[PDB]
Amino acid sequence: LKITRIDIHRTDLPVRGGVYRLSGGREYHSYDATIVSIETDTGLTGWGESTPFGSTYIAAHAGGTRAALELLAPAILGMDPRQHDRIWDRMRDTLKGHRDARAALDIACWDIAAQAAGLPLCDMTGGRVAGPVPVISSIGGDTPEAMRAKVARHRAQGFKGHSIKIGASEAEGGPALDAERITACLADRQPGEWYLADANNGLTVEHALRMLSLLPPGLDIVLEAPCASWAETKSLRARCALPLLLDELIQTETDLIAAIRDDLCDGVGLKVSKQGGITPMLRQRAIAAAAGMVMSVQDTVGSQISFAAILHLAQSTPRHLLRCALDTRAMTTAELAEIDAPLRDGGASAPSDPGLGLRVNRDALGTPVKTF
Amino acid sequence: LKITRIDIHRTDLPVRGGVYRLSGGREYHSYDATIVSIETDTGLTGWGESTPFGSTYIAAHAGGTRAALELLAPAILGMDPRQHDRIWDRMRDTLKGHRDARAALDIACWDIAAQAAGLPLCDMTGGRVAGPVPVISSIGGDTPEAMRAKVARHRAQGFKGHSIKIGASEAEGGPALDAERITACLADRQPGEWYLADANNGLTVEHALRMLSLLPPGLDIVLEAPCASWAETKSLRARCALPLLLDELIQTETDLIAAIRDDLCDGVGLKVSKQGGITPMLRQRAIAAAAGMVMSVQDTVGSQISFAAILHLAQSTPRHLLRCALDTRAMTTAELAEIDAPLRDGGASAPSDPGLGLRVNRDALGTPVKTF
Amino acid sequence: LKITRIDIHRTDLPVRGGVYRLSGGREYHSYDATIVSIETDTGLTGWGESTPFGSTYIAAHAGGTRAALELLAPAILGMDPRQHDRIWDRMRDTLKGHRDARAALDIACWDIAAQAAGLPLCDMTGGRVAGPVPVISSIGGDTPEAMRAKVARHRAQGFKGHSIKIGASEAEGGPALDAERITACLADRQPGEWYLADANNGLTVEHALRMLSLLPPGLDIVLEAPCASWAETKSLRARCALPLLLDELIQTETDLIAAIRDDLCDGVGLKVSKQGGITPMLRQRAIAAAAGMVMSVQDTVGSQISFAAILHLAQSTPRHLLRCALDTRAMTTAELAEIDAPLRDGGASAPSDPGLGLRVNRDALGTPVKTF
Amino acid sequence: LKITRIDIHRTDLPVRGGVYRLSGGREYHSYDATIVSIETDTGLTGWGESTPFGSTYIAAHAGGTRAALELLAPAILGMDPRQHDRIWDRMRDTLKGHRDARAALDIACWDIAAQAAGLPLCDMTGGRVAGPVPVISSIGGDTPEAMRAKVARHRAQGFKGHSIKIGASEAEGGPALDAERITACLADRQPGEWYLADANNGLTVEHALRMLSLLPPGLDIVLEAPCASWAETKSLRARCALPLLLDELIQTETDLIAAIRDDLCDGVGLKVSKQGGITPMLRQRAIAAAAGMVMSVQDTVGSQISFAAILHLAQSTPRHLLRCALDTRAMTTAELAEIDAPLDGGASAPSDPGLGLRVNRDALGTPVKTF
């Protein structure tokens, strides 16, 4: 079993709903996707998606993803796609970092390994955990009232978690606006829901502490990614009673080790293309699970191809530690593939078809930008 | 004085009341007890009980106790039952750990030593402290109002302490359910009571911090066994204002030292069969009292036999530090022995007779399953 | 695919070479082994072995292992043996701890999966890393001159690492003797060798610091398992410049996390049946690798069934962090299975056959003592 | 069983041998001993001794011991002497601290308990451990060359453990003198020997670090009681690879916990009348053994009566943690009682019920007080 051909495709994914806003005046109107197919000598095709949340979320951008694949793709031609640790080593030995580029390749290799074993990917990654995976919303920054409404649609649509973006500048209202945002987004809360306030590494410690003082007592909320640096996050941690989830700061396996060593956080936001694919998602899940860390299983953003990997990984994750999977279908307007995984009975369930369980609308991708 | 004969009995102890529920979906209908008699060349008989809380509470199960006794029982034959430290060392060089096994032998040797000295066990373990010992209930998991009613019944029986089992899954209602169980169980509080919220090692730190957030301010409560590991408990400890009591994680004397070195807790749940008998209970008492740690003197569960060891130990513990003895009679329905220790006048007083003070019902125990 | 039948075998494994000695007066003459076969509805057979190092190395003994299997083996009947994480989960909610009992079953389930897939276990566990794995001898306790000759004898056979067992009483010469056993064992050292001084949890901090003072400067040795407990190991660590490897103290994935949080060691002795099988070995490897900890891949002791498990895991471990695989063939005389894995070209290489690559000698294990 | 009478005695215990010097210019020619008997209504008699090492070793002196007994002894009239924790409680409720005074009472109560059970004390305190207990050779403050020769003497007589006293002022030679003494006393060492450098709380951190720097590499040595306070000792511990044993700083059970919490030492010097008798020696042992700390079992000083308590305690101690018992008979000339426990650098506790003492009541003088 051998990789013989890799094809790189590029497409645009339009935002669903308004401009997506994060802290620091970042705004996103659409997303540039890199979709990779991999073929074996035996005739299997694997699919992987990598789409940076534009160019300003972490140190990655779609054009960089493609430039890294120019090195990574030919490096792994003629390798056995089932030897996931050794493929990973070959990529590392080719090019340090650039996990966004590793991800699309790694996912497609896993998609193949699963099809070869005639198993859905959740049964290749530990085994299906019973019942559907609950799903989490992505609530762009807006006014408290507009945010609380986006929470309300998602609830009606059957979402159980909400990730509400915060991080208002002083000019915009500061910590008082963020505190109002949080109280408003929790106002219509019902039983069994879970809330995450995501600052996207955008708060000063001073702002976080002022926000925490303004929040009313007695709220059930988890703070995500409050600061831009490790040292800031450690200061806040010494002075914050709320659970803390790290996201942008946890990219590698050794970042997770640093967080354990410093007792930095109570949870991790694992994003498939941020961590670098299925392989590191599994290593990082194993580290986080040993540490008692809760895990929201996500991606930066993507199509149904990205969603498929998210759902399969979420579906083999211990329910005790899992804090929802991201439904990226709520996030863009695109239609790149078919997957049978609707929102019923509390969440989404991974399909039973071998591999990722996708039917890729190959005409929606356009002709490969590059082939190896 | 010399140990001549050791009999090993097996008997089932039914739960008093309905299903007993712990965190993690653990459910209990009855408990597999192992009762041991030890006989001397002077025709003294001593009794000791070890009953693991099924197979899922700590790394112990009844079949495991019996298999360990296959090693331990032959190894102490011929020893003077009065040389507690030398018997302890003989058990240790025969088999590491398995303190549930040591417990049964160890208790029966102390029962002998007390009888030979012509004193009740409490007067051999430092001396009776005046007045009855307050007793604590075990309030199994249920809805808040169901739990609240169980507390009422025990309060009416004259119980001063209540151990309330917490630890709901997200699907069950999560921290908010746990917060409601606590407030409900505390709702009819009268002066002089003491409450433990025991999660039996089943919270993530994320769940715990959310729960503590949800609790109203101004409660008098002790949190017990929140987390499944040392690193997780350390992390919560840094961010928790409530007294913390450790249970499952404190098994050896060296565990208590580690708890001191890391300032990990304010109190300890000492369980006769988890610590491994009267000898380690004494050493651990000494260590805890020096650290000004409060101690609740309990067992996993048991008949009147276990209750006798518990009560004598508590009866010789300083009142300043003692936070109840477990009335195991309120937990099980079985009558394996008679003991003169009614709840009245504030709690239960240890019998004045020599040894444990038990009149054992040999008929209730069945034919020995093994003899040495 | 479903597990249909589980057979449990008991045999005895005689020590190769003279009586094997450990710190604290422990001596081993033979080992009581538990061997498990597992059978699927498709007629595949898997094998696994678990043999505690007698009764006195960790809290484990063969009788307890067999007792635990009475709970575990029926628990997993009918499960798909390829779902390692859900099998693990089933085992943990049946019975806490007893990783020795999980190991035999866990390894047999991996054996099956590797067969079902048509792959050597090393290509199921990341991929074969090129070249033979260096093997480590096991130098039992004796006189400095006797130890130094055992080392010589293993060196002639092409062993590259040596684990030298230290830890003398004051009556036998204390620290100074240990310092002699080490200098002696290192005196015929050739290029490319690696030495561990293993005290098997048997030194006091006072003895270990005296020993360190006594050692001549300029030595290349790693200290292994110096002290009995977590708190003692931490005091030593604070005052010890030598790399330190932890063994008995690391059994669970959470133990390894605690070691990282406390910066307690530079390496870990992973033993297949102490960790509890292929599944936790892979989890602990991911944690150790992320932390940059070197790993010696070993087992307590075993036949060829134990050895196949070791060698397949070591063969897929990054060479950068590996610190030898234990060749159990030099520790015991038994021949319970056939395996084509000779010492040549610098160490042993995992066989190429599907699964463990064993030809088991089915009458050398004798009629099963229990079947489910 | 009831305590009916307590007699308090005072006798002087002349030094055996040369005048004993400690650090900071401390000097001693005889010791003021307090001996206590306790009688029960069944006619059993118990004996205990407490004798502070003059007036400057720790916060205790014989006149203070006796003033304290004036409160403590009447407090425990009427109690069952077997109820050691409740007697200890009564004593704490009566008078804070003064563990020297508790000691004499607590030891005599245990002596009774052991007699009433027909067991030697060692078998009341966990059970006899096999073999004799090593006893510690003491090497007084004096010149280096002199010191080494006294070690050669003690070695000749079969002693394997030596406690060597250090703590020279700058005038007298400073850390250099101390480094010389140590290197000397180890210079002709043989297999199986154990050495302790005892500063008796008298070094500054600066002195101690200069000493440690001036010492040759490769020495097997334990450092005892280097500094006068908790914070100084914590400073030195941060910068000291040598095993460290604490003595004067460890008096109560809570002292030992503070030591664990701070990771302050690897051993403790337990002294019967510093800790306060058998009851706290036993609590302290259990704490120390759980922490993996080695223990030297000693007393401040005393007659055979103090020796009996040390010896029964040492004899029930796990051997891998024990670092010698002290033979107080080598320290004083007093002949207050007979015990069959002769020395090979070693001694075994007698097999008689209780302490195994034949006390010469007359040798003690007329009680200074009766209750």
Side-chain angles (χ1 to χ4, degrees), chain A residues 1 79-90 92-93 109 113-114 116-120 122-130 250 252-264 275 279-293 313 315-321, chain C residues 1 79-90 92-93 109 113-114 116-120 122-130 250 252-264 275 279-293 313 315-321:
Chain A
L1 184 54
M79 283 191 79
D80 179 356
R82 287 164 310 177
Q83 289 190 209
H84 53 261
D85 283 5
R86 306 285 82 76
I87 302 263
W88 188 258
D89 282 352
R90 169 71 55 88
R92 282 189 93 251
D93 294 338
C109 278
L119 291 171
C122 62
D123 288 330
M124 295 286 298
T125 60
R128 175 183 301 277
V129 174
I250 303 299
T252 68
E253 298 74 50
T254 60
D255 296 335
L256 201 45
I257 296 305
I260 284 47
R261 167 80 49 80
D262 283 330
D263 180 22
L264 217 65
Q275 312 334 116
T279 304
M281 284 284 287
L282 302 160
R283 297 167 184 192
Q284 297 188 22
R285 172 163 85 184
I287 299 157
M293 272 175 175
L313 287 167
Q315 191 77 63
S316 65
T317 306
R319 213 47 69 73
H320 173 71
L321 301 174
Chain C
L1 181 83
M79 294 192 76
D80 173 0
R82 292 170 302 185
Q83 289 176 235
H84 45 264
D85 288 354
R86 307 285 77 75
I87 290 165
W88 195 259
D89 288 344
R90 177 58 72 73
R92 312 173 78 248
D93 70 30
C109 284
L119 285 177
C122 61
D123 297 340
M124 287 288 287
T125 61
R128 171 191 304 272
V129 179
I250 309 305
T252 68
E253 294 71 51
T254 61
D255 291 336
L256 196 46
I257 300 294
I260 289 159
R261 162 80 49 84
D262 284 341
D263 186 20
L264 187 56
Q275 316 329 126
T279 303
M281 283 287 288
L282 293 177
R283 300 179 186 190
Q284 299 177 18
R285 179 162 86 181
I287 303 171
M293 288 173 179
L313 285 168
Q315 190 77 65
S316 60
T317 303
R319 208 46 68 71
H320 164 78
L321 305 164

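A, B, ... follow the sequence lines: proteins, then strands. Residue 1 opens every chain. For the numbers below, each heavy atom of this structure counts, side chains included, while hydrogens, waters and symmetry mates do not.
The pair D89(A)-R92(A) fails the salt-bridge criterion, with no side-chain N (NZ, NE, NH1 or NH2) lying under 4.0 Å from an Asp/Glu carboxylate O.
No donor-acceptor pair closer than 3.5 Å links the side chain of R86(A) to the backbone N or O of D80(A).
For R90(C), the CZ atom is loosely surrounded, since the number of other residues' heavy atoms within 6.0 Å does not exceed 12.
Only the side chain of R285(C) comes within contact range of chain A, with heavy atoms under 4.5 Å apart. For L119(C), the part sitting under 4.5 Å from any heavy atom of chain A is the side chain, from C-beta outward, and nothing else. Interface residue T125(C): only backbone heavy atoms are found under 4.5 Å from chain A.
Listed options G127(A), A258(A), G126(A) were ranked by heavy-atom pairs under 4.5 angstrom with chain C; first place goes to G126(A). Note on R261(C), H84(C), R82(C): by heavy-atom pairs under 4.5 Å with chain A, the leading option is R261(C).
Heavy atoms only, all atoms of each residue included: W88(A) and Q275(A) are closest at CH2-O, 4.1 Å. For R128(C) against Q83(A), the heavy-atom pair with the smallest separation is N-NE2, 3.8 Å.
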